[PDB]
$ cat start.cif   # mmCIF, N, CA and C atoms and all ligand atoms
data_start
#
loop_
_atom_site.label_atom_id
_atom_site.label_comp_id
_atom_site.auth_asym_id
_atom_site.auth_seq_id
_atom_site.Cartn_x
_atom_site.Cartn_y
_atom_site.Cartn_z
N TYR J 1316 16.80 -6.84 -17.90
CA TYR J 1316 16.27 -5.71 -18.67
C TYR J 1316 15.15 -6.11 -19.65
N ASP J 1317 14.48 -7.24 -19.41
CA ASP J 1317 13.35 -7.66 -20.24
C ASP J 1317 12.09 -6.90 -19.76
N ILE J 1318 11.59 -5.94 -20.56
CA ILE J 1318 10.43 -5.10 -20.24
C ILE J 1318 9.11 -5.90 -20.18
N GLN J 1319 9.06 -7.10 -20.80
CA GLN J 1319 7.82 -7.90 -20.80
C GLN J 1319 7.77 -9.01 -19.72
N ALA J 1320 8.92 -9.28 -19.05
CA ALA J 1320 9.03 -10.42 -18.15
C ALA J 1320 8.05 -10.40 -16.98
N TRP J 1321 7.58 -9.22 -16.58
CA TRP J 1321 6.66 -9.09 -15.46
C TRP J 1321 5.38 -9.89 -15.66
N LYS J 1322 4.92 -10.03 -16.91
CA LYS J 1322 3.61 -10.66 -17.14
C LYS J 1322 3.59 -12.16 -16.71
N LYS J 1323 4.54 -12.96 -17.18
CA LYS J 1323 4.62 -14.36 -16.77
C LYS J 1323 4.94 -14.47 -15.27
N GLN J 1324 5.75 -13.54 -14.73
CA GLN J 1324 6.05 -13.53 -13.30
C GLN J 1324 4.75 -13.31 -12.49
N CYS J 1325 3.87 -12.42 -12.97
CA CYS J 1325 2.57 -12.19 -12.33
C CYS J 1325 1.64 -13.38 -12.49
N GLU J 1326 1.63 -14.04 -13.64
CA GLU J 1326 0.82 -15.25 -13.85
C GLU J 1326 1.23 -16.33 -12.83
N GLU J 1327 2.55 -16.51 -12.64
CA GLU J 1327 3.03 -17.54 -11.72
C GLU J 1327 2.69 -17.17 -10.29
N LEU J 1328 2.79 -15.86 -9.93
CA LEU J 1328 2.42 -15.45 -8.58
C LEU J 1328 0.91 -15.65 -8.34
N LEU J 1329 0.08 -15.35 -9.35
CA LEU J 1329 -1.37 -15.59 -9.22
C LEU J 1329 -1.66 -17.08 -9.04
N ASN J 1330 -0.91 -17.96 -9.71
CA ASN J 1330 -1.08 -19.41 -9.54
C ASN J 1330 -0.76 -19.80 -8.09
N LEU J 1331 0.32 -19.25 -7.52
CA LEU J 1331 0.66 -19.54 -6.12
C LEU J 1331 -0.45 -19.04 -5.21
N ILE J 1332 -0.97 -17.84 -5.49
CA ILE J 1332 -2.03 -17.26 -4.67
C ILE J 1332 -3.30 -18.14 -4.70
N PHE J 1333 -3.66 -18.65 -5.87
CA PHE J 1333 -4.85 -19.52 -5.98
C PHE J 1333 -4.68 -20.84 -5.20
N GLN J 1334 -3.45 -21.37 -5.12
CA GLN J 1334 -3.12 -22.59 -4.35
C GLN J 1334 -3.15 -22.33 -2.83
N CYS J 1335 -2.91 -21.10 -2.42
CA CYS J 1335 -2.89 -20.73 -1.03
C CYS J 1335 -4.31 -20.74 -0.44
N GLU J 1336 -4.51 -21.47 0.67
CA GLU J 1336 -5.82 -21.56 1.29
C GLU J 1336 -6.32 -20.18 1.74
N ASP J 1337 -5.40 -19.24 2.05
CA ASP J 1337 -5.82 -17.90 2.46
C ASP J 1337 -6.51 -17.10 1.34
N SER J 1338 -6.37 -17.53 0.06
CA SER J 1338 -7.05 -16.79 -1.01
C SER J 1338 -8.49 -17.17 -1.19
N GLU J 1339 -8.99 -18.23 -0.52
CA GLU J 1339 -10.36 -18.71 -0.74
C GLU J 1339 -11.44 -17.62 -0.77
N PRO J 1340 -11.49 -16.67 0.19
CA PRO J 1340 -12.55 -15.66 0.14
C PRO J 1340 -12.43 -14.67 -1.02
N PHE J 1341 -11.27 -14.62 -1.67
CA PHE J 1341 -10.94 -13.58 -2.63
C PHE J 1341 -10.78 -14.10 -4.05
N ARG J 1342 -11.12 -15.37 -4.31
CA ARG J 1342 -10.91 -15.95 -5.63
C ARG J 1342 -11.91 -15.54 -6.67
N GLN J 1343 -13.10 -15.09 -6.26
CA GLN J 1343 -14.16 -14.70 -7.18
C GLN J 1343 -14.82 -13.42 -6.68
N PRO J 1344 -15.56 -12.69 -7.53
CA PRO J 1344 -16.23 -11.47 -7.05
C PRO J 1344 -17.13 -11.75 -5.86
N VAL J 1345 -17.18 -10.81 -4.92
CA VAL J 1345 -18.06 -10.91 -3.75
C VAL J 1345 -19.53 -11.08 -4.21
N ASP J 1346 -20.22 -12.05 -3.63
CA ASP J 1346 -21.60 -12.38 -3.95
C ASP J 1346 -22.51 -11.46 -3.15
N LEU J 1347 -23.30 -10.65 -3.85
CA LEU J 1347 -24.21 -9.73 -3.19
C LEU J 1347 -25.34 -10.42 -2.45
N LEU J 1348 -25.66 -11.69 -2.79
CA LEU J 1348 -26.70 -12.40 -2.03
C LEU J 1348 -26.17 -12.77 -0.63
N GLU J 1349 -24.85 -13.03 -0.52
CA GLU J 1349 -24.20 -13.34 0.74
C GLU J 1349 -23.96 -12.04 1.56
N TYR J 1350 -23.63 -10.92 0.88
CA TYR J 1350 -23.29 -9.64 1.55
C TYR J 1350 -24.11 -8.52 0.88
N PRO J 1351 -25.42 -8.41 1.20
CA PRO J 1351 -26.28 -7.47 0.46
C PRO J 1351 -25.91 -6.00 0.51
N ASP J 1352 -25.23 -5.59 1.56
CA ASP J 1352 -24.80 -4.19 1.70
C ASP J 1352 -23.39 -3.95 1.18
N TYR J 1353 -22.78 -4.93 0.49
CA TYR J 1353 -21.39 -4.78 0.09
C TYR J 1353 -21.10 -3.50 -0.67
N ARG J 1354 -21.92 -3.18 -1.67
CA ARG J 1354 -21.69 -1.99 -2.50
C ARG J 1354 -22.03 -0.67 -1.78
N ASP J 1355 -22.68 -0.74 -0.61
CA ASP J 1355 -22.90 0.47 0.20
C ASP J 1355 -21.58 0.89 0.87
N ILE J 1356 -20.69 -0.09 1.16
CA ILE J 1356 -19.42 0.06 1.85
C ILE J 1356 -18.24 0.18 0.88
N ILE J 1357 -18.25 -0.64 -0.18
CA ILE J 1357 -17.15 -0.76 -1.14
C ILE J 1357 -17.45 -0.18 -2.50
N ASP J 1358 -16.66 0.82 -2.90
CA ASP J 1358 -16.85 1.51 -4.18
C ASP J 1358 -16.43 0.65 -5.35
N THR J 1359 -15.30 -0.04 -5.21
CA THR J 1359 -14.76 -0.81 -6.31
C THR J 1359 -14.41 -2.20 -5.88
N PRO J 1360 -15.33 -3.15 -6.06
CA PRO J 1360 -15.01 -4.55 -5.74
C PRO J 1360 -13.87 -5.06 -6.62
N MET J 1361 -13.09 -5.97 -6.07
CA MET J 1361 -11.98 -6.58 -6.80
C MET J 1361 -11.70 -7.96 -6.24
N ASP J 1362 -11.26 -8.87 -7.08
CA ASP J 1362 -10.97 -10.24 -6.68
C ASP J 1362 -9.88 -10.81 -7.60
N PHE J 1363 -9.30 -11.95 -7.22
CA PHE J 1363 -8.19 -12.52 -7.98
C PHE J 1363 -8.56 -13.08 -9.34
N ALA J 1364 -9.82 -13.55 -9.54
CA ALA J 1364 -10.19 -14.02 -10.89
C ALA J 1364 -10.25 -12.82 -11.84
N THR J 1365 -10.78 -11.68 -11.36
CA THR J 1365 -10.83 -10.48 -12.20
C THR J 1365 -9.40 -10.00 -12.52
N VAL J 1366 -8.49 -10.09 -11.55
CA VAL J 1366 -7.09 -9.68 -11.81
C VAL J 1366 -6.47 -10.58 -12.86
N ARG J 1367 -6.65 -11.91 -12.70
CA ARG J 1367 -6.12 -12.87 -13.66
C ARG J 1367 -6.70 -12.64 -15.05
N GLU J 1368 -8.02 -12.41 -15.15
CA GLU J 1368 -8.66 -12.20 -16.44
C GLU J 1368 -8.17 -10.93 -17.10
N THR J 1369 -7.97 -9.87 -16.32
CA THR J 1369 -7.47 -8.60 -16.85
C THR J 1369 -6.06 -8.78 -17.40
N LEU J 1370 -5.23 -9.53 -16.70
CA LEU J 1370 -3.86 -9.83 -17.14
C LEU J 1370 -3.88 -10.67 -18.42
N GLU J 1371 -4.68 -11.74 -18.43
CA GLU J 1371 -4.75 -12.63 -19.59
C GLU J 1371 -5.35 -11.96 -20.82
N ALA J 1372 -6.23 -10.97 -20.63
CA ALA J 1372 -6.79 -10.22 -21.74
C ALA J 1372 -5.80 -9.20 -22.35
N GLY J 1373 -4.64 -9.00 -21.72
CA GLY J 1373 -3.71 -7.99 -22.18
C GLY J 1373 -4.21 -6.61 -21.80
N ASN J 1374 -4.84 -6.48 -20.62
CA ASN J 1374 -5.40 -5.20 -20.21
C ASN J 1374 -4.65 -4.53 -19.04
N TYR J 1375 -3.47 -5.05 -18.71
CA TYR J 1375 -2.55 -4.39 -17.81
C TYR J 1375 -1.36 -4.00 -18.66
N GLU J 1376 -0.94 -2.75 -18.53
CA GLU J 1376 0.26 -2.29 -19.23
C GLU J 1376 1.55 -2.54 -18.42
N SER J 1377 1.42 -2.59 -17.08
CA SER J 1377 2.58 -2.72 -16.23
C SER J 1377 2.23 -3.51 -14.98
N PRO J 1378 3.22 -4.05 -14.25
CA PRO J 1378 2.89 -4.75 -12.99
C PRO J 1378 2.41 -3.79 -11.92
N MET J 1379 2.67 -2.47 -12.03
CA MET J 1379 2.14 -1.51 -11.08
C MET J 1379 0.61 -1.46 -11.13
N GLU J 1380 0.04 -1.58 -12.34
CA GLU J 1380 -1.42 -1.57 -12.47
C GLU J 1380 -2.02 -2.82 -11.84
N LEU J 1381 -1.38 -3.97 -12.05
CA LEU J 1381 -1.84 -5.22 -11.42
C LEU J 1381 -1.75 -5.10 -9.91
N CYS J 1382 -0.63 -4.57 -9.41
CA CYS J 1382 -0.40 -4.38 -7.98
C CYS J 1382 -1.50 -3.51 -7.37
N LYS J 1383 -1.90 -2.44 -8.07
CA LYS J 1383 -2.96 -1.54 -7.58
C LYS J 1383 -4.28 -2.31 -7.40
N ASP J 1384 -4.62 -3.18 -8.37
CA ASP J 1384 -5.83 -4.01 -8.25
C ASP J 1384 -5.73 -5.05 -7.13
N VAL J 1385 -4.55 -5.71 -6.96
CA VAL J 1385 -4.42 -6.69 -5.88
C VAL J 1385 -4.53 -5.97 -4.53
N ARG J 1386 -3.91 -4.77 -4.40
CA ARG J 1386 -3.98 -4.02 -3.14
C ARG J 1386 -5.40 -3.58 -2.83
N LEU J 1387 -6.22 -3.36 -3.86
CA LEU J 1387 -7.64 -3.02 -3.71
C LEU J 1387 -8.40 -4.19 -3.07
N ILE J 1388 -8.05 -5.46 -3.41
CA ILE J 1388 -8.67 -6.64 -2.78
C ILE J 1388 -8.45 -6.56 -1.27
N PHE J 1389 -7.21 -6.22 -0.87
CA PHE J 1389 -6.90 -6.16 0.55
C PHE J 1389 -7.49 -4.94 1.24
N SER J 1390 -7.49 -3.76 0.60
CA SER J 1390 -8.09 -2.60 1.25
C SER J 1390 -9.61 -2.74 1.33
N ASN J 1391 -10.26 -3.44 0.38
CA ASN J 1391 -11.70 -3.69 0.46
C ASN J 1391 -11.98 -4.57 1.66
N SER J 1392 -11.14 -5.60 1.88
CA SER J 1392 -11.31 -6.50 3.03
C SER J 1392 -11.18 -5.72 4.35
N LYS J 1393 -10.20 -4.82 4.43
CA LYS J 1393 -10.01 -4.02 5.63
C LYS J 1393 -11.20 -3.06 5.85
N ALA J 1394 -11.77 -2.54 4.77
CA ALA J 1394 -12.91 -1.63 4.87
C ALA J 1394 -14.19 -2.36 5.25
N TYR J 1395 -14.35 -3.61 4.82
CA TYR J 1395 -15.59 -4.35 5.08
C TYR J 1395 -15.58 -5.10 6.40
N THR J 1396 -14.39 -5.36 6.97
CA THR J 1396 -14.33 -6.16 8.17
C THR J 1396 -15.06 -5.52 9.35
N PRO J 1397 -15.85 -6.31 10.10
CA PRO J 1397 -16.50 -5.77 11.30
C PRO J 1397 -15.50 -5.63 12.47
N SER J 1398 -14.31 -6.28 12.38
CA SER J 1398 -13.29 -6.21 13.40
C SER J 1398 -11.89 -6.59 12.89
N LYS J 1399 -10.85 -6.09 13.57
CA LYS J 1399 -9.48 -6.44 13.19
C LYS J 1399 -9.17 -7.94 13.43
N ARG J 1400 -10.04 -8.65 14.19
CA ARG J 1400 -9.85 -10.05 14.53
C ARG J 1400 -10.65 -11.00 13.64
N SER J 1401 -11.38 -10.51 12.62
CA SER J 1401 -12.21 -11.40 11.80
C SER J 1401 -11.43 -12.44 10.99
N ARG J 1402 -12.05 -13.59 10.69
CA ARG J 1402 -11.37 -14.65 9.95
C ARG J 1402 -10.93 -14.17 8.56
N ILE J 1403 -11.87 -13.61 7.81
CA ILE J 1403 -11.55 -13.23 6.42
C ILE J 1403 -10.50 -12.09 6.39
N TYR J 1404 -10.60 -11.14 7.33
CA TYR J 1404 -9.59 -10.07 7.41
C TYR J 1404 -8.23 -10.64 7.77
N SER J 1405 -8.17 -11.58 8.72
CA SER J 1405 -6.89 -12.20 9.09
C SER J 1405 -6.27 -12.94 7.90
N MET J 1406 -7.09 -13.57 7.07
CA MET J 1406 -6.62 -14.24 5.86
C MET J 1406 -6.08 -13.21 4.87
N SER J 1407 -6.78 -12.06 4.70
CA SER J 1407 -6.29 -11.04 3.78
C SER J 1407 -4.95 -10.45 4.27
N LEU J 1408 -4.74 -10.32 5.60
CA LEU J 1408 -3.46 -9.78 6.08
C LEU J 1408 -2.29 -10.71 5.77
N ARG J 1409 -2.50 -12.04 5.94
CA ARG J 1409 -1.41 -12.98 5.62
C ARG J 1409 -1.17 -13.03 4.13
N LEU J 1410 -2.25 -13.03 3.35
CA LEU J 1410 -2.10 -13.09 1.91
C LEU J 1410 -1.42 -11.84 1.37
N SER J 1411 -1.72 -10.67 1.97
CA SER J 1411 -1.09 -9.41 1.58
C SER J 1411 0.41 -9.47 1.84
N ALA J 1412 0.82 -10.00 3.00
CA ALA J 1412 2.25 -10.13 3.33
C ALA J 1412 2.94 -11.03 2.29
N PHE J 1413 2.30 -12.16 1.94
CA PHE J 1413 2.82 -13.10 0.95
C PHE J 1413 2.93 -12.41 -0.43
N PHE J 1414 1.88 -11.70 -0.84
CA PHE J 1414 1.90 -10.98 -2.11
C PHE J 1414 3.00 -9.92 -2.13
N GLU J 1415 3.10 -9.07 -1.09
CA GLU J 1415 4.08 -7.98 -1.09
C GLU J 1415 5.52 -8.53 -1.16
N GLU J 1416 5.76 -9.65 -0.49
CA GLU J 1416 7.06 -10.34 -0.44
C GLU J 1416 7.47 -10.79 -1.85
N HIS J 1417 6.52 -11.26 -2.64
CA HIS J 1417 6.80 -11.76 -3.97
C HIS J 1417 6.73 -10.70 -5.07
N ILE J 1418 5.87 -9.67 -4.93
CA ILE J 1418 5.75 -8.66 -6.00
C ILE J 1418 6.90 -7.65 -6.03
N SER J 1419 7.62 -7.51 -4.92
CA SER J 1419 8.72 -6.57 -4.80
C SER J 1419 9.76 -6.69 -5.92
N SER J 1420 10.28 -7.90 -6.16
CA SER J 1420 11.27 -8.11 -7.23
C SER J 1420 10.68 -7.91 -8.61
N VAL J 1421 9.38 -8.24 -8.77
CA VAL J 1421 8.72 -8.05 -10.07
C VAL J 1421 8.70 -6.57 -10.44
N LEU J 1422 8.32 -5.73 -9.48
CA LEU J 1422 8.25 -4.29 -9.66
C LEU J 1422 9.63 -3.71 -9.86
N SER J 1423 10.60 -4.16 -9.07
CA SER J 1423 11.96 -3.65 -9.17
C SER J 1423 12.56 -3.98 -10.54
N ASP J 1424 12.41 -5.23 -11.00
CA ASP J 1424 12.98 -5.64 -12.28
C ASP J 1424 12.33 -4.89 -13.41
N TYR J 1425 10.99 -4.72 -13.37
CA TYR J 1425 10.31 -3.99 -14.42
C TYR J 1425 10.79 -2.52 -14.49
N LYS J 1426 10.82 -1.84 -13.33
CA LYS J 1426 11.24 -0.45 -13.30
C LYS J 1426 12.69 -0.27 -13.76
N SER J 1427 13.57 -1.21 -13.41
CA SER J 1427 14.98 -1.19 -13.83
C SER J 1427 15.07 -1.39 -15.35
N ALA J 1428 14.32 -2.37 -15.88
CA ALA J 1428 14.31 -2.64 -17.32
C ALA J 1428 13.81 -1.44 -18.08
N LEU J 1429 12.77 -0.76 -17.56
CA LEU J 1429 12.23 0.40 -18.26
C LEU J 1429 13.18 1.58 -18.22
N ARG J 1430 13.91 1.78 -17.10
CA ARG J 1430 14.90 2.85 -17.01
C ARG J 1430 16.03 2.57 -18.01
N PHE J 1431 16.43 1.29 -18.16
CA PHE J 1431 17.46 0.92 -19.13
C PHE J 1431 16.99 1.19 -20.55
N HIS J 1432 15.72 0.87 -20.82
CA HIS J 1432 15.14 1.10 -22.15
C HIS J 1432 15.15 2.57 -22.52
N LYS J 1433 14.85 3.43 -21.56
CA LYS J 1433 14.77 4.86 -21.80
C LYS J 1433 16.06 5.61 -21.53
N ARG J 1434 17.19 4.91 -21.30
CA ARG J 1434 18.46 5.58 -21.02
C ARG J 1434 18.91 6.41 -22.23
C1 LIG P 1 -16.65 -12.44 -0.47
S1 LIG P 1 -15.77 -11.90 0.80
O1 LIG P 1 -14.50 -11.44 0.34
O2 LIG P 1 -15.77 -12.90 1.82
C2 LIG P 1 -16.69 -10.52 1.37
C3 LIG P 1 -16.20 -10.03 2.68
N1 LIG P 1 -15.09 -9.28 2.87
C4 LIG P 1 -14.87 -9.37 4.28
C5 LIG P 1 -13.79 -8.89 5.06
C6 LIG P 1 -13.82 -9.21 6.42
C7 LIG P 1 -14.86 -9.95 6.99
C8 LIG P 1 -15.91 -10.42 6.26
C9 LIG P 1 -15.89 -10.13 4.88
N2 LIG P 1 -16.73 -10.54 3.86
#

$ encode --input "start.cif" --output "structure tokens" --more "lines below"
Ligand SMILES: CS(=O)(=O)Cc1nc2ccccc2[nH]1
Amino acid sequence: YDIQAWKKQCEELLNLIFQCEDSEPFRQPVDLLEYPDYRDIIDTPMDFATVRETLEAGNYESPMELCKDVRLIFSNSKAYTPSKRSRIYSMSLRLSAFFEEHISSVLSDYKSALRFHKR
């Protein structure tokens, strides 16, 4: 029932994600010199350094907000991919499975702690 525990749990999950070779394309904002049409396709770019910085700045109120930004990294990858077989898209699918597997308990514990707080 610790309402704040999600933050360190998210920091540790982001550390695991940065160690994972599948996060390489997503560790920093997309470079427009490499992908000049990126903003024609993607409304809201997102990457793991921006997620980490937002968390460390105290700019996420809940793990649901962090989850929404991480899911945006994966939906941007799916929207930009030229094919379902691309290297970077295949990396985002594995990384998404890894993220969803680990964020589930974080979200559950936070929501349970908040329901207890407001009982
Ligand atoms: C900096 S990035 O994340 O590699 C930009 C991007 N996102 C993609 C998704 C699929 C294929 C190529 C893609 N290039």

$ residues_near_ligand --input "start.cif" --ligand "ligand LIG 1 (chain P)" --cutoff "5 Å" --atoms "only N, CA and C atoms and all ligand atoms" --output "number ranges by chain"
J: 1340-1341, 1345-1346, 1392, 1395-1397, 1403-1404

$ write_last_selection --input "start.cif" --atoms "N, CA and C atoms" --output "PDB file, keeping the file's coordinate frame"
ATOM      1  N   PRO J1340     -11.490 -16.670   0.190  1.00  0.00           N
ATOM      2  CA  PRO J1340     -12.550 -15.660   0.140  1.00  0.00           C
ATOM      3  C   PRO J1340     -12.430 -14.670  -1.020  1.00  0.00           C
ATOM      4  N   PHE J1341     -11.270 -14.620  -1.670  1.00  0.00           N
ATOM      5  CA  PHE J1341     -10.940 -13.580  -2.630  1.00  0.00           C
ATOM      6  C   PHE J1341     -10.780 -14.100  -4.050  1.00  0.00           C
ATOM      7  N   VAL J1345     -17.180 -10.810  -4.920  1.00  0.00           N
ATOM      8  CA  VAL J1345     -18.060 -10.910  -3.750  1.00  0.00           C
ATOM      9  C   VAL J1345     -19.530 -11.080  -4.210  1.00  0.00           C
ATOM     10  N   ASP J1346     -20.220 -12.050  -3.630  1.00  0.00           N
ATOM     11  CA  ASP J1346     -21.600 -12.380  -3.950  1.00  0.00           C
ATOM     12  C   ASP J1346     -22.510 -11.460  -3.150  1.00  0.00           C
ATOM     13  N   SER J1392     -11.140  -5.600   1.880  1.00  0.00           N
ATOM     14  CA  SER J1392     -11.310  -6.500   3.030  1.00  0.00           C
ATOM     15  C   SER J1392     -11.180  -5.720   4.350  1.00  0.00           C
ATOM     16  N   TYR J1395     -14.350  -3.610   4.820  1.00  0.00           N
ATOM     17  CA  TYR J1395     -15.590  -4.350   5.080  1.00  0.00           C
ATOM     18  C   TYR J1395     -15.580  -5.100   6.400  1.00  0.00           C
ATOM     19  N   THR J1396     -14.390  -5.360   6.970  1.00  0.00           N
ATOM     20  CA  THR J1396     -14.330  -6.160   8.170  1.00  0.00           C
ATOM     21  C   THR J1396     -15.060  -5.520   9.350  1.00  0.00           C
ATOM     22  N   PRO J1397     -15.850  -6.310  10.100  1.00  0.00           N
ATOM     23  CA  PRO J1397     -16.500  -5.770  11.300  1.00  0.00           C
ATOM     24  C   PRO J1397     -15.500  -5.630  12.470  1.00  0.00           C
ATOM     25  N   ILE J1403     -11.870 -13.610   7.810  1.00  0.00           N
ATOM     26  CA  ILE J1403     -11.550 -13.230   6.420  1.00  0.00           C
ATOM     27  C   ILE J1403     -10.500 -12.090   6.390  1.00  0.00           C
ATOM     28  N   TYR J1404     -10.600 -11.140   7.330  1.00  0.00           N
ATOM     29  CA  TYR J1404      -9.590 -10.070   7.410  1.00  0.00           C
ATOM     30  C   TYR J1404      -8.230 -10.640   7.770  1.00  0.00           C
TER      31      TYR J1404
END

$ closest_residue --input "start.cif" --among "J:1323, J:1342, J:1434, J:1354" --to "residue 1394 (chain J)" --atoms "only C-alpha atoms"
J:1354

$ closest_atom_pairs --input "start.cif" --of "region 1321-1357 of chain J" --to "region 1410-1431 of chain J" --cutoff "6.5 Å" --atoms "all atoms listed in the file" --output "tab-separated table"
residue	atom	partner	partner_atom	distance
J:1321	CA	J:1421	CA	5.9
J:1337	C	J:1410	CA	6.0
J:1338	N	J:1410	CA	6.4

$ write_last_selection --input "start.cif" --atoms "N, CA and C atoms" --output "compact mmCIF listing (two decimals), keeping the file's coordinate frame"
# COMPACT_ATOMS: atom_id res chain seq x y z
N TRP J 1321 7.58 -9.22 -16.58
CA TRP J 1321 6.66 -9.09 -15.46
C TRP J 1321 5.38 -9.89 -15.66
N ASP J 1337 -5.40 -19.24 2.05
CA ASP J 1337 -5.82 -17.90 2.46
C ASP J 1337 -6.51 -17.10 1.34
N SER J 1338 -6.37 -17.53 0.06
CA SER J 1338 -7.05 -16.79 -1.01
C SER J 1338 -8.49 -17.17 -1.19

$ atom_distance --input "start.cif" --atom1 "CA of residue 1385 (chain J)" --atom2 "CA of residue 1335 (chain J)"
14.9 Å

$ atom_distance --input "start.cif" --atom1 "CA of residue 1401 (chain J)" --atom2 "atom C of residue 1367 (chain J)"
27.4 Å

$ atom_distance --input "start.cif" --atom1 "atom N of residue 1379 (chain J)" --atom2 "atom C of residue 1358 (chain J)"
20.5 Å

$ axis_aligned_box --input "start.cif" --around "region 1329-1343 of chain J" --padding-each-side "8 Å" --output "AutoDock Vina command-line options"
--center_x -7.1 --center_y -18.0 --center_z -3.6 --size_x 31.5 --size_y 25.2 --size_z 28.2

$ closest_residue --input "start.cif" --among "J:1320, J:1432, J:1329, J:1391" --to "residue 1357 (chain J)" --atoms "all atoms listed in the file"
J:1391

$ select_by_dssp --input "start.cif" --residues "chain J" --states "helix (DSSP H, G or I)" --output "ChimeraX atom specification"
/J:1321-1334,1336-1341,1353-1356,1363-1371,1378-1395,1402-1432

$ closest_residue --input "start.cif" --among "J:1356, J:1331, J:1364, J:1388" --to "residue 1343 (chain J)" --atoms "all atoms listed in the file"
J:1364

$ closest_residue --input "start.cif" --among "J:1361, J:1348, J:1366, J:1332" --to "residue 1406 (chain J)" --atoms "only C-alpha atoms"
J:1332
